[PDB]
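Going in written order, the chains are labelled A, B, C, D, E, F and G, and every chain counts its residues from 1.
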Amino acid sequence: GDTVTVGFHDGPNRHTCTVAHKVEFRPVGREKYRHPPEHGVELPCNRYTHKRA
Amino acid sequence: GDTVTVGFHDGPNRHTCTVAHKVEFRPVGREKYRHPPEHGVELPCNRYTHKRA
Amino acid sequence: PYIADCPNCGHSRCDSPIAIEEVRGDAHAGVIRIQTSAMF
Amino acid sequence: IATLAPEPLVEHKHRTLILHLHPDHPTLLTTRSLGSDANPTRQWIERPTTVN
Amino acid sequence: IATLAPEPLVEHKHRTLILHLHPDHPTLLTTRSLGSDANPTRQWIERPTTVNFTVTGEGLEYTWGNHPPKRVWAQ
Amino acid sequence: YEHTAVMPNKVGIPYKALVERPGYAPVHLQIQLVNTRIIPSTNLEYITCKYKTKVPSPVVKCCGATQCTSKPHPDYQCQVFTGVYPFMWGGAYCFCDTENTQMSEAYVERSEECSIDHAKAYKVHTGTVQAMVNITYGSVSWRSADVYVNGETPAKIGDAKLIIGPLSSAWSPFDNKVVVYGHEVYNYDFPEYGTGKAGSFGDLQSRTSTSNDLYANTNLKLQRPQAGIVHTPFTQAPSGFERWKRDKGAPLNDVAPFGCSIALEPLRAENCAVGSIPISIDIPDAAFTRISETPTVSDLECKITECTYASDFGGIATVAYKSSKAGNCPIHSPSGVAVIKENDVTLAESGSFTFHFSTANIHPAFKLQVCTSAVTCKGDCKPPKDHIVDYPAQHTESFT
Amino acid sequence: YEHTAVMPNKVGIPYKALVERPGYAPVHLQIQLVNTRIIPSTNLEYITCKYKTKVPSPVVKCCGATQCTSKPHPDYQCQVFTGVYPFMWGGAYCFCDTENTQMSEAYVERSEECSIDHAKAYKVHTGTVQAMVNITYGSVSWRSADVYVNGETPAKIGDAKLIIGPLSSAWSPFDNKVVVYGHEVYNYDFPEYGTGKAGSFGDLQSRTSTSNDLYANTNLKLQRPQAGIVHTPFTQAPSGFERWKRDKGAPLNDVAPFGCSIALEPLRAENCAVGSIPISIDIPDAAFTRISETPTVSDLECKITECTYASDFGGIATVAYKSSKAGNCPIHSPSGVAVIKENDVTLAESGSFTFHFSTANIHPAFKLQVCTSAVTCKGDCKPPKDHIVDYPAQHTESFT
């Protein structure tokens, strides 16, 4: 996405926040997808964790 | 869309499902639109029915 | 309503009843016919 | 969980690989002629292409 | 329920079929010299007749009425 | 009076020849080859379409092997796999850890679109061309009949018997090998049934839609499912019917020569304007008028008045008609220089009536045969200004 | 190892070529073109059959005229008649004597036999020839598959992939124009639909059996009934389908050239033995035996013992086999002089085994390739005595 656009809903109001940021997702590999598939080989990508510890 | 992403809402949970699939929509014709218009000529496209019978 | 293994079920590979097989973006009219493993 | 491009169609010729090729997405193909003359090649392929 | 003509009398000669022949009724005989030169023959035969056929090297065929077609190596 | 006539193959324009029967009054033709639909001899060789890897559901033996067999499904790819731990709704379920076996099997099958959205190959021979020839004949004024080209076929529809062709211009715009798709026809060297390389056109090759047997070189290669989960990696070329719809070639109704149009209908190639057709008609003698009843028109004079050196019937010429009786008088220029809009002109007792025409030579020295009276309508013509609309009536270009 | 091979078109005899793959053991062929059914491209032009003058019952107006009209029935012949006095069961019944009018009408109609007993014209093009080629291959020992001739079609039935033709001998024994009758096929210049002269072939000309429209030039001419009696003189040529069954010509399965048989079935012309076919096969490499496993046979000797200068496999020759291992050994004469009945010979440790063959040269100097070991089986042959039975296995006549 050209931008990033964030927001919750308190309940009385939308109350969001939005920003510019150049985003892309190349997967690691000589394939230039636009999105991760369900299958294919695994290989060493860079990525953030689920966790807090 | 590069993918396809499906999901209902049971009510307690989002509970969706998503998948990779290369999607496009060329209309039939020498025009390479991205979307069907409101007007223009009719001509023999390929398409699925509304129905069950 | 069948249940199968969705590939990126929000987080990752769950087993959703709406597990998507046979996506068909092969027509022209902005339409896709899909099969969930769920039988609505 | 990551990418994979559809397999190639290997075709023989005399000291020459014709390869009818047909990817899903833009794929960077490349080679290395293992002589001390490397003579490599690079090309992103998204359009299906018979190469040599 | 249908016709049938009495069998022929096959007689050998050098690349030649003499055929003493003796039908019941008028029988259309005919042949096909299987060269690309066809050289066929037709004749209704009701009177018994010794006939001849210059068979070639590759073969000839022979049709005694609706009796099935025969075939012949004449080397 | 069986009026033989060589005749240019061109669709949308009449060819108003003139019957010069010695003895009775001549009669004009108006032969408009409204269509030139062809319908060559052909053969349905194989439908193709995009596959569907309609995977049969894999076997999972929990402790030990399950040997696969080569079932007779088209391109029945099957490969046993071990070393799984298949997460299925309860975590894994097979209690072993390497003896967990998974047998994946996948065969190729015609899509549901194969019935309806499908390319279609052909071995194309020459066949026999046709036409709905209108003749608004003489005083008959009508027949719109479907005919042939083979030069002994009549078609007694109306009252006239007419024999056409065979045409000399045997260019079948179809090549020998043709692919066909919905309406866009491609004179493509399709590889063959039974052979088509995967990814290339005809990866799926079914004889027809009903034909359960086919040839599916799709390079379908199953791979083992990942990390102890139930699924079926099918690694496969998307079809040579998928491409061939967006990396194809252009259609023969957009790349043919010598002027043809096409249909997915009897596989005709309409309106192919090329060459000539030796056409010959046997008129009904009843339709003739005897010579002693039409006015004799001689001792006349003809002259252009505003000749337009053009396609549309811009050329005009008054004619000082010098009749004997009064009535109709069919007209024609036996020279092909001038093409005339009027087949027939009405005449009072020696009046004058302009007609319309079109020419191609600056000095049109064309004879005009006004019902057995020849005349040179010599003169000079003017070029027009306004040339962007459909096809001409002149079709007579030569040395000028 | 894709074993190209020119190959004579001849039906009932194998063609046991030899695969000389460099590196592994050779393998024999056994290519028997069991059929050469042709199926040219054709077009149903019109059925014909004998008419039936299915007379509609005439009108009889008793006092005054009844003008007839030209109804659109095929060959609707109708002629008013006066001057009758029609005796009908009570003597006459119309009380006038000259104003008694009788209107006879008769049209032509397809017989009931037209559906079933009917000649059938065709415009015949060339199409594409076929065959149920058996190969009892190698050690595979079987495949009986239906194939084509066009030189890029495989047929992967069995395990081998085989490409045939195109044959050089393009003689379609069918002519361009053909008539067909039940089973007897006549390469006849049928006149055309729409034209056939009455009495001549195709007096009735219906497009098909269902086609209500037709062309009936029967010269149907009604005459007045005689002496005041009800009936309908229809004076007509009995059909050109009546003749054409007893003053016809002979059938193409009895007059064709270059050796064909025929069927009213897909309109094939079976077993047309003429010319050669450039045939090429891609064997399964699994079927090969590697070279280091078959016995090497060299240091042998070959000689005829009773060579029969003939067609049937009368030629024989012992071979002093000098093997290394013991087993099978495929055999073939790469020279076409000798045709051998045995594809394969079993071998103990350097024994001797006669085979059978046939030749055409008095001094057969043909090589014999016993699984990569050549040898001249020179000798001399004897003529036979007993030559009246079907076709040969020799088919190798040349200068001798």
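Side notes on the structure shown:
Everything below uses one rule, namely that a residue touches a chain if its C-beta (ideal position, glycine included) is under 8 Å from a C-beta of that chain, and two chains touch if they have at least 3 such contacts.
Other chains, considered apart from subunit D, form one piece (clusters defined by touching). Chain centroids computed from C-alpha atoms place F closest to the centre of all protein C-alpha atoms shown. The distance from the centre of subunit C to the centre of subunit G, with each centre set as the mean of the Cα atoms, comes to 55 Å. Each chain gets one centre point, the mean of its Cα atoms, and the points for subunit D and subunit G are 50 Å apart. Subunit C and subunit F have Cα centroids lying 44 Å from one another.
Spacing of subunit A relative to subunit E, judged by their CA centroids, is 90 angstrom. Residue positions 113, 117, 226, 231, 238 of subunit F each touch two or more of the other chains. The residues of subunit C that reach two or more other chains are 7-8, 13, 26, listed in rising order. On the side of subunit B, the complex with subunit F involves touching residues 22, 26, 44, 46. Here subunit F touches subunit D in the complex through residues 197-200, 219, 221, 226, 235-238, 243, 247, going by the rule given at the top.
If you check the complex, the residues on subunit A that touch subunit B are 33-38. Listing the residues of subunit A that touch subunit F in their complex gives 38-39, 42.
Residues 2-3, 19-20 of subunit B touch subunit A in their complex.
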